[PDB]
There are 2 protein chains.
Amino acid sequence: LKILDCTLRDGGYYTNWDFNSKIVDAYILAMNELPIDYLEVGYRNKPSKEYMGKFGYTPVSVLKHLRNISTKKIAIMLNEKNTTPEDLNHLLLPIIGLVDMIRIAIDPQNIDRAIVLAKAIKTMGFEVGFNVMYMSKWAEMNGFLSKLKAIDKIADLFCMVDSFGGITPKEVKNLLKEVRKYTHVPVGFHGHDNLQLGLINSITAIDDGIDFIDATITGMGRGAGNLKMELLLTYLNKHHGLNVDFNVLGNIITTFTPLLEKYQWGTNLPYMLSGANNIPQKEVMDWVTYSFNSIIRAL
Amino acid sequence: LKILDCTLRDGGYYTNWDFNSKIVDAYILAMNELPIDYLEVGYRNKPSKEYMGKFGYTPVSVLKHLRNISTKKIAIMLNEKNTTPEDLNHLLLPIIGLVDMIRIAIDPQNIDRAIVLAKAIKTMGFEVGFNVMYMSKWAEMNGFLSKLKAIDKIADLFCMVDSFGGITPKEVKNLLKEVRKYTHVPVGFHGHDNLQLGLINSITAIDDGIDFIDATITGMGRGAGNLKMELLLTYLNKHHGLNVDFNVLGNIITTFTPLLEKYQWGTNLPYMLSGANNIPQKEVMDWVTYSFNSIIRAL
């Protein structure tokens with residue numbers, strides 16, 4: 001089992017992906033002393049119209065430093081809908097040797113196009129990860145699962161993403177079993193905490209032999225956020241015999257506490273509603289800003 | 001299935017059981033428009049030297065008021081350790097007709113002494129609930145479960161309390177089965193959110209036919225707190241066809257928000273540790289006030 005932390009990449013939302021070196025160094029060094037195998041530190045992007053900070057572009061200068069002080073594997077993410085095979089040269093060529101894995105945020109609707117991208121990334125020598133969204137819609141997408149056999153020689157990770165934060169333990173088991181019937185590649189799970197099922201869904205996947213689990217420090221992420229890495233490690237230390245340095249865990253939590261008190265990610269009634277009814281949380285929170293009853297009558 | 005809310009009784013810890021009557025009224029009226037069957041509003045107590053707020057005594061005058069506006073079942077709690085049968089007349093006689101159920105906080109060690117108490121209460125015409133602590137220890141207590149047949153004619157509810165907030169779905173399912181083999185009375189579950197397993201533990205019990213579930217608005221309660229009532233209802237509304245007035249839910253959450261902003265109940269690293277390692281939270285948090293690794297090494 002490999003544990004991947006994506007705090008900076010997923011939590012950057014609130015700070016325009018800007019993080020000062022003091023937080024970045026504390027984070028990287030803490031990860032060295034925690035049982036976390038992969039660190040997804042940010043995105044690689046083409047020039048954005050609206051401002052995006054440091055970790056939205058994750059420049060080479062930063063990666064050389066992180067690679068210098070980190071003893072774990074490093075990953076960055078690419079948004080499939082914004083990347084063509086022709087963009088790979090400027091996006092990835094400069095980071096060869098500095099980054100281990102390139103994860104791709106993919107909408108299941110574009111899986112075939114993503115496979116073309118993945119294939120190209122693989123020839124550059126990177127490990128390739130597929131972070132496929134809307135796992136709650138897979139079962140009813142005709143021929144989708146059958147399209148996964150095409151990733152057998154490319155994917156190093158097939159990550160199931162609980163996009164709405166409404167997936168239940170039973171559904172996670174079923175989907176994992178299903179994916180195993182169509183692809184031989186390592187499988188992962190990235191749960192959201194809209195219903196606070198992040199921990200139990202992850203433990204459920206872990207006990208069924210899943211290969212990868214995503215989480216972030218204090219669950220930092222947009223809206224209801226992600227599974228809290230500290231919660232995962234605490235649980236595994238007790239029930240799975242995972243050795244953990246809690247002193248470091250507590251210190252890294254403290255590092256991110258000022259941002260948490262300011263931005264306060266975490267679930268609430270609007271996010272609980274979006275999770276249980278598979279509605280993107282930004283849609284629902286914007287409505288609250290419909291009475292809640294109207295939001296549910298419309299369903 | 002009956003749902004019980006004990007926000008004022010459990011949450012009163014922060015304000016020494018004193019609440020602005022505007023808060024109380026808002027709470028009671030809101031409970032009239034939510035699918036909540038029982039409301040545990042406070043404790044009953046013998047005169048105390050140190051000052052204790054209104055809901056530590058739940059006076060007849062406030063009960064008459066609550067009984068007049070609420071359309072739901074009302075309950076109060078007695079601490080078994082501070083209650084003898086001779087205390088009952090002064091404690092309960094005054095509330096005949098105002099309170100439906102008398103819940104008793106019980107240590108599994110003192111079950112027999114508690115049954116003597118429940119008999120006297122039952123004679124008075126009240127419904128009786130057993131809130132037995134440390135469910136995580138019952139399985140290893142010789143004769144405990146096996147002797148619950150003694151409550152068959154006096155208990156209207158046998159509530160299993162997740163005292164440390166570390167019990168898991170599997171254990172809840174097994175304990176529920178065990179209890180069913182020894183007593184015929186309705187069973188309930190009161191989970192804690194130290195590991196944020198309150199919801200899944202509760203749903204697990206509900207799916208196995210449990211009779212009662214405990215929760216509080218925003219999970220208000222000591223330390224990590226309890227299952228968030230808003231969370232239970234949102235989940236049941238989607239998965240169990242439960243009709244819920246989300247406008248009222250959202251409003252009552254708002255009513256308690258200022259208290260949450262001030263007291264900040266909810267799990268954290270110290271409480272995750274105490275939950276996973278079956279230690280009372282006041283024990284761990286007080287050590288933090290031992291590094292986290294030292295708290296665990298001593299284990």
DSSP-defined beta bridges in the protein assembly as shown - what % are antiparallel, rounded to 5: 5
Label 7 Å beyond Cα on the Cβ vector: B:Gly143 copy-to-copy distances, nm: 7.0
Rounded to whole Hz, the Karplus (6.51, -1.76, 1.60) HN-Hα couplings of the range A:255-261, x for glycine and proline: 4, 8, 5, x, 5, 5, 5
Distances in nm from B:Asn89 to the matching label points in the other copies, shortest first (labels 7 Å along Cα to Cβ): 9.7
16 Å Cα-Cα reach of B:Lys181 towards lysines, excluding residues that sit fewer than 8 places from it in its own chain: B:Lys147, B:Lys149, B:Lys153, B:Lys173
Chain B: calculated mean residue ellipticity at 222 nm from DSSP helix runs of at least 4, using -39500 (n - 2.57): -12000 deg cm²/dmol
Net charge dipole size for the protein assembly as shown [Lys, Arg +1 and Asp, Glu -1 on Cβ; Debye, nearest 20]: 280
For q = 0.12, 0.14, 0.15 Å⁻¹, Debye-computed log10 I/I(0) when each Cα of chain A counts as one equal scatterer: -0.77, -1.08, -1.26
Neighbourhood net charge (9 Å Cβ-Cβ; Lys/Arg +1, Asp/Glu -1) for B:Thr218: 0
Shielding by partners - mean other protein chain Cβ count within 10 Å, residues of B:230-241: 5
Ratio Rg/Rh, restricted to the range A:5-112 and using Cα atoms, in which Rh is the Kirkwood radius: 0.96
Electrostatic dipole magnitude of chain A [Cβ: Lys, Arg +1; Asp, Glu -1; Cα centre; debye, to 20]: 420
Inter-copy label distances at B:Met285 (7 Å, Cα→Cβ; nm, one decimal): 2.7
Rg/Rh (Cα only; Kirkwood hydrodynamic radius) as it applies to the range B:209-299: 1.09
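For neighbour counting, all protein chains shown are included, and Cβ atoms are generated from backbone atoms with ideal geometry for every residue, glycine included. Every number here is computed from the coordinates shown, using simple stated rules; none is lab data.
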